[PDB]
Amino acid sequence: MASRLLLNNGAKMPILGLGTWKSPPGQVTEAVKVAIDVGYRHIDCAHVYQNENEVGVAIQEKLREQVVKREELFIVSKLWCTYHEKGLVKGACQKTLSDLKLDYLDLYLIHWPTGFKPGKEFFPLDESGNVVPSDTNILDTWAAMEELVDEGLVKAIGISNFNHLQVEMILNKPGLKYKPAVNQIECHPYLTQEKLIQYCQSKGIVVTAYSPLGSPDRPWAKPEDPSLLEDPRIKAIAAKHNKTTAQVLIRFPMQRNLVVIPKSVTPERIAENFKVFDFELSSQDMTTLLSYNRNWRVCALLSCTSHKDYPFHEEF
Ligand SMILES: NC(=O)c1ccc[n+]([C@@H]2O[C@H](COP(=O)([O-])OP(=O)(O)OC[C@H]3O[C@@H](n4cnc5c(N)ncnc54)[C@H](OP(=O)(O)O)[C@@H]3O)[C@@H](O)[C@H]2O)c1
Ligand SMILES: Cc1ccc(C(=O)c2ccc(CC(=O)O)n2C)cc1
């Protein structure tokens, strides 16, 4: 299978990338160095992860050492919710660039459709605990992203956690300049996303699947939660192919024409997660994995459920 797919800005995106959410700042530099050494060309980052400086240290070292060329890397980041105001977008992007030590991003995503009140707090709360919204709508934030493209700061722009109506809102924006190149959404056998994926792909929007392993390190994990990596049905499929369960879970979205971004700080797993290009899941395997859908979410953005733009009320 090809290592990259074509986006609608004319650029190629590596279908496998390294996730950084929850990667401790003390381990993430090594994690990214190892990833690049073992063949990863695509790194998924966010300002809200508060690790971008350390990730940047890794990228910069690998560039300086000429292990890789900048043009061979695909570096993605995301605009946090407290930055949706038009006057804050450029600055947010520039802070991310400075931390990553880059002069451009290959892809910059609106992290969530929900804008929040600007300030130091990433999740500003009222006295009663609800998130305080921004009055900036998704379409104006989109115009600000487009400006980032026209200023040379980012090669492509996209969205994340947009439901199909919100994607539709962007595609229908009056005077729309650039279409979203990507929608990055949670996807795995317990949330299969057939509808949203089909819609985006029908529009020429590439989908990136996050939490492909079910995010076993998520802070809110509970024992009664389903566990992909421990699912004996999935372990049986892996066993049949002489691969690991994680490898199956990574190959799964690839064969759906999705980009996938498993996260690890463990060097051995970083390497293991990358050799997915040497085997194929059967159509039967694929349909079987799809049959496991429970509509179960790792990231439900639970503090935002009353936000006018909360993505997950809608079926898809
Ligand atoms: N746009 C968004 O809103 C959004 C939301 C969530 C995630 N994301 C992106 O998607 C990335 C991946 O999602 P995620 O971090 O939620 O979780 P994930 O990639 O599904 O799972 C990461 C967890 O799996 C473990 N793991 C990795 N490889 C393994 C293997 N081969 N065998 C066993 N365990 C393995 C990791 O452990 P170690 O790290 O200890 O090895 C870590 O605890 C994130 O890092 C982030 O970049 C984006
Ligand atoms: C209670 C609470 C509130 C907010 C967070 C939080 O900041 C959060 C939730 C999901 C994610 C991953 C992503 O959006 O990429 N983050 C970074 C976590 C926990």
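Counting starts at 1 for both ligands and their atoms, in listed order. All heavy atoms count here, side chains included; hydrogens, waters and symmetry mates do not. Numbering starts at 1 and runs along the sequence shown.
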- prompt: Run the side-chain hydrogen bond (donor to acceptor under 3.5 Å, both in side chains) check on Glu168 and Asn163 step by step: do they pass?
  reply: CA-CA 9 Å; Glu168 188 174 68; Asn163 67 36; over 6 Å; no

- request: Step by step, work out the side-chain contact (heavy atoms from CB on, under 4.5 Å) result for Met145 and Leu79.
  value: CA-CA 9 Å; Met145 302 286 288; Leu79 175 79; 4.1 Å; yes

message: Go through it in stages, so that I can follow the logic: the residues are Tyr49 and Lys78, the test is side-chain hydrogen bond (donor to acceptor under 3.5 Å, both in side chains), and I'd like the CA-CA distance, side-chain angles, deciding distance and then a yes or no.
response: CA-CA 10 Å; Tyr49 301 167; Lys78 320 182 189 86; 3.1 Å; yes

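Between the side chain of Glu186 and the backbone N or O of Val298 there is at least one donor-acceptor pair closer than 3.5 Å.
Near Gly214, with a cut-off below 4.0 Å to any heavy atom, the atoms of ligand 1 are 20 (O). The contact set between ligand 1 and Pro262, taken as ligand atoms under 4.0 Å from a residue heavy atom, comprises 19 (O). Atoms of ligand 1 found under 4.0 Å from any heavy atom of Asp44 (numbered from 1 in listed order, with element): 9 (C), 46 (C), 47 (O). Below 4.0 Å from some heavy atom of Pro212 lie the following atoms of ligand 1, by number and element: 19 (O), 20 (O). Interface atoms of ligand 1 facing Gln184, defined by a heavy-atom separation under 4.0 Å, are 1 (N), 2 (C), 4 (C), 8 (N), 9 (C), 48 (C). Residue contact check: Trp21 has heavy atoms under 4.0 Å from atoms 6 (C), 7 (C), 15 (O), 16 (O), 44 (C), 45 (O), 46 (C), 47 (O) of ligand 1. Close approach of ligand 1 to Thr266 (heavy-atom distance below 4.0 Å) involves ligand atoms 38 (P), 40 (O), 41 (O). The contact set between ligand 1 and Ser215, taken as ligand atoms under 4.0 Å from a residue heavy atom, comprises 14 (P), 16 (O), 17 (O), 18 (P), 20 (O), 21 (O).
Contacts of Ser160 with ligand 1, taken as heavy-atom pairs under 4.0 Å, involve the side chain alone. Proximity of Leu213 to ligand 1, defined as any heavy-atom pair under 4.0 Å, is shared by backbone and side chain alike. Under 4.0 Å from ligand 1, the heavy atoms of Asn161 that appear belong solely to its side chain. Residue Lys263 touches ligand 1 through backbone and side chain together, judged by heavy-atom distances below 4.0 Å. Within the 4.0 Å heavy-atom criterion, the part of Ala246 lying near ligand 1 is the side chain and not the backbone. Residue contacts with ligand 1, taken as heavy atom pairs separated by less than 4.0 Å, do not involve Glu186 at all.
Distances from atom 15 (O) of ligand 1 to the heavy atoms of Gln247, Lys78, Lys22 show the closest one on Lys22. Comparing heavy-atom distances from atom 12 (C) of ligand 1 across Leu228, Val76, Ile261, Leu109 singles out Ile261 as nearest.
Residue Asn273 places a heavy atom less than 4.0 Å from ligand 1.
Taking the six-membered ring where the residue is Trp, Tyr310 and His313 present tilted rings, their angle falling between 30° and 60°.
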What side-chain donor-acceptor pairs closer than 3.5 Å can you find for residues 237-244, not counting sequence neighbours?
{"from": "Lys240", "atom 1": "NZ", "to": "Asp285", "atom 2": "OD1", "distance (Å)": "2.9"}
{"from": "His241", "atom 1": "NE2", "to": "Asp285", "atom 2": "OD2", "distance (Å)": "2.7"}
{"from": "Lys243", "atom 1": "NZ", "to": "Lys275", "atom 2": "O", "distance (Å)": "3.0"}
{"from": "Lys243", "atom 1": "NZ", "to": "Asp278", "atom 2": "OD1", "distance (Å)": "3.2"}
{"from": "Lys243", "atom 1": "NZ", "to": "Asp278", "atom 2": "OD2", "distance (Å)": "3.2"}
{"from": "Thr244", "atom 1": "OG1", "to": "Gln247", "atom 2": "N", "distance (Å)": "3.0"}
{"from": "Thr244", "atom 1": "OG1", "to": "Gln247", "atom 2": "OE1", "distance (Å)": "3.4"}
{"from": "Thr244", "atom 1": "OG1", "to": "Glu272", "atom 2": "OE2", "distance (Å)": "2.7"}

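No more than 12 heavy-atom neighbours from other residues, nucleotides or ligands sit within 6.0 angstrom of CD on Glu121.
For ligand 1, the polar-atom distance check finds an N/O of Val265 within less than 3.5 Å of one of the ligand's N/O atoms.
A donor and an acceptor atom, one from each side chain of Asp150 and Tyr178, are located under 3.5 Å apart. Using modelled atom types, one finds no donor on one side chain facing an acceptor on the other under 3.5 Å when comparing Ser282 with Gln284. Side-chain N/O atoms of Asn51 and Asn53 include no donor and acceptor closer than 3.5 Å.
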One line per pair, note the atom names and distance for all nitrogen or oxygen contacts under 3.5 Å between ligand 2 and the protein.
{"from": "ligand 2", "atom 1": "14 (O)", "to": "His111", "atom 2": "NE2", "distance (Å)": "3.3"}
{"from": "ligand 2", "atom 1": "14 (O)", "to": "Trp112", "atom 2": "NE1", "distance (Å)": "2.9"}
{"from": "ligand 2", "atom 1": "15 (O)", "to": "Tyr49", "atom 2": "OH", "distance (Å)": "2.9"}
{"from": "ligand 2", "atom 1": "15 (O)", "to": "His111", "atom 2": "NE2", "distance (Å)": "2.7"}

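With sequence neighbours left out, the salt bridge (charged side-chain N to carboxylate O under 4.0 Å, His left out) criterion links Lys12 to no other residue. Judged as a ring pair (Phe, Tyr, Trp, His ring centres under 6.0 Å), and not counting sequence neighbours, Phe252 has no contacts.
Between the CD atom in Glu54 and the CG atom in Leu100 there is a gap of 10.5 Å [rounded to 0.5 Å].
Taking the ring centre of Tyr104 as origin, the terminal cationic atom of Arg70 falls inside the region bounded by 6.0 Å and 45° from the ring axis.
In plain terms, the two heavy atoms of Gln255 and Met1 that are nearest each other are CG-CE, 3.7 Å.
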